[PDB]
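>>> experimental structure and sequence below, a few questions after.
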2 protein chains.
Amino acid sequence: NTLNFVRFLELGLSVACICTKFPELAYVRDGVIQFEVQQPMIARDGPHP
Amino acid sequence: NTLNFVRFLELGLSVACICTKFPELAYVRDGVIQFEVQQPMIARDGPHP
């Protein structure tokens, strides 16, 4: 018998991740990702600060 | 992220009010509005007034 080979991209699970190659991953000590998120405002009056 | 800007008139609440600009509102002591409603009547007989 001959096996049926699966490629990772053919699967439906491949949508849940963003694959990227990186040859110099053995030299990396610690990687970080930064975020900047702002929020809207509601203007009111009365006994509300 | 980029904030999404909402304008008041684009809402469906804007049909519930008639907005108008008024620069000298702070010099209004007591703004006033009137109504003049008339009513019909029924002609009848008998010893009624």
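In hand now; what should we look at? Numbers count the residues shown, from 1 in each chain, chains lettered A, B, ... in the order given.
>>> quick check: residues of chain A near chain B?
By Cβ under 8 Å from any Cβ of the partner chain, the residues of chain A that approach chain B are A:36-38, A:40. In this view, the C-beta of every residue, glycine as well, is placed from N, C-alpha and C.
>>> all helices for chain A, in order.
Applying DSSP state H to chain A gives no helices.
>>> ok, back up a step: out of the residues of chain A next to chain B, who's nearest residue B:10?
Distance to residue B:10 across those (Cβ to Cβ) is lowest for residue A:40, with 15.4 Å.
>>> so the closest one sits against residue B:5, correct?
No. Assessed by Cβ atoms under 8 Å, residue A:40 is found out of contact with residue B:5, at 9.1 Å.
>>> nearest spatial neighbour of residue A:38, skipping sequence neighbours?
residue B:3 (6.1 Å; Cβ to Cβ, 6 or more residues apart in numbering or on different chains).
>>> what's the distance between the one you found and residue A:35?
15 Å (Cβ to Cβ, to the nearest Å).
>>> same deal with residue A:2?
Separation of residue A:2 from residue A:35 (Cβ to Cβ): 48 Å.
>>> could you report the neighbour count for residue A:31?
By other Cβ atoms under 10 Å in any protein chain shown, 7 other residues sit near residue A:31.
>>> the more surrounded of residue B:3 and residue A:35?
Applying other Cβ under 10 Å to residue B:3 and residue A:35 shows that residue B:3 carries more neighbours, namely 9 against 5.
>>> confirm for me that that one is in contact with residue A:36.
No. Taking contacts as Cβ under 8 Å, residue B:3 lies outside contact range of residue A:36: 11.8 Å.
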